[PDB]
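This document opens with one chain alone, in structure tokens, the form solved without the named molecule.
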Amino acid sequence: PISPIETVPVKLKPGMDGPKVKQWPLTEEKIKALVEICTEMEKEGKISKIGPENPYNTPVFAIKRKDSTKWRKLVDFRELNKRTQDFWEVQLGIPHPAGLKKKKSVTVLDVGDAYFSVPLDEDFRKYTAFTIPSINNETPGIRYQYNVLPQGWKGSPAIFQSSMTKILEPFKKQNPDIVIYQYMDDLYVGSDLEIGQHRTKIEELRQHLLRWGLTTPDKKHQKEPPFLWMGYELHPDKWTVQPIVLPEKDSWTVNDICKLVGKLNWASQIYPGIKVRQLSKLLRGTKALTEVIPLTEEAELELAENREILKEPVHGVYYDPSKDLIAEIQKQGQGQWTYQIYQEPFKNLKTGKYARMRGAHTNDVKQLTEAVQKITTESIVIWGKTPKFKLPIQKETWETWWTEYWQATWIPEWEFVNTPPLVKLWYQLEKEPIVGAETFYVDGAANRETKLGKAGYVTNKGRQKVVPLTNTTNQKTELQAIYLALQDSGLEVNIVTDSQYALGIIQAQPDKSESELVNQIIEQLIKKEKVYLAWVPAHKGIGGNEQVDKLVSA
């Protein structure tokens, strides 16, 4: 029914009044059910009629539920919400089946008319005023107001979760050895008791709840393995996600692509190797989520490959705190990666991906660490632990990069897993001039307001060159220039520069960039067996400098 728990105090944003919008028309169907609900709600006390004295009103409606003769009465409190104070959302994320430890007994209860069991503070009620239209379009609609957490109000969620804990508090406190994963009104009760003794504790809990205004009707999973919880299927020794169907269609619109990626992203927690880069990339041109978009080959494929993975059935295991937590990552190409966290080989708890391209000039070791990060954070969130890693990168390639990178980078305890593709720096830079090597003095520039500009070089053995760039810029030149000094040189070269924009990009050993020019500068760098790049201050007349600028300054 309705609970004696202490009502939570609620104020309105300084100097604001309640909502006063009218009830935009509703079908003769919805009305039939709203008045069917309200009668029950009013009779029960969850709401009360109100007269002229109440100067507020908000529009309401209803929805149907999955396989339910049941409707969901909602209220369009969009207006009130703005005018309502703001709260501190107490829900910090979501539980993951792969974090549950194996239990001897599991139960799942679901509180009934959840929100409608928790009272709304006496003084705020005035605003929750709404009106139920008449279908014969005559009688002035009936007006009521809430006396319990209304569905669709900005605050009810936080209040319900809050009260719920407060309600469970004593039970929890007196039955410390019993786990109770609560998410809104859904309760998963775990125990290491025998059927008998656990089923008794599951009863005491239920009663306590009822006694505290909370009903646990038979929607209560018992010898229900597989239990339905949080969108999974919880079996005695494995769990899996529920049927996750993708849409098979002819022509794709944008929101279609949104839905696809959405679900696929969701399946990537258990189905290993789902990838979406190409399918998503297909959504850069901001447009109507009704605008039909043409699929690219590189996407048509990854769609079908994915669509395939989703066919073999898969599942995941539960957590064993007495064992180590392992996570291994593999390179899926073009920035993408896939990983799985297991404890016993082949029996992984979870899987996941990483495809964020942080930066414009980075390599695969930068990304590989970007991932080890995500996987720690995440792994802490679920297990409150940090994994031991298995990585496709030489125990050396690493001691190379970090011991040579200007930034402090780190990786937790880890070991090498020779399971190519392997990760490696596609080339190095001599950090000491190369004897007998045409030393090139390179530079270039371009005019601010005009179109073009240019860049070129000169040698120490007598050689001169320059190229007329177009629409370039102060930077697009230094690079465009160091580009020639590569092809126009051989296995061993020594380029010199006064720009930092280019020495910086290149010193990071980047092997992937957004700009086509950069990529060419790398490609070449891989072919050479020795390259050195030193820097010297621009416009300070240094031996070899001025000549180059001149050839270009024009």
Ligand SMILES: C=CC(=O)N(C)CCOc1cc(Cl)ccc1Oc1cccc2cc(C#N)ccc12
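One-based numbering along the sequence shown.
One more form of this protein, solved in complex with the named molecule, exists but is not displayed; see below.
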Review point. If we take the named molecule as it sits in the entry with it bound and superpose the C-alphas round its site onto this chain, is the site open or blocked, where blocked means 3 or more ligand atoms come within 2.4 Å of a backbone or C-beta atom?
Key: blocked
Review point. In the entry with it bound, which of the listed residues (140, 236, 420, 285) lies with a heavy atom within 4.5 Å of the named molecule?
Key: 236
Practice item. Consider the chain as shown here, without its partner, and state which of 103, 126, 307, 83 has a heavy atom within 4.5 Å of the named molecule in the entry with it bound. Key: 103
Check your understanding: Is there any non-hydrogen atom of residue 108 lying within 4.5 Å of the named molecule in the entry with it bound?
Key -> yes
Practice item. Decide whether residue 337 counts as a contact residue for the named molecule in the entry with it bound under a heavy atom distance cut-off of 4.5 Å. Key: no
**Study point:** Heavy atom of residue 155 within 4.5 Å of the named molecule in the entry with it bound
**Key:** no
Point to revise | Touches the named molecule in the entry with it bound: residue 188 (any heavy atom, 4.5 Å) | key: yes
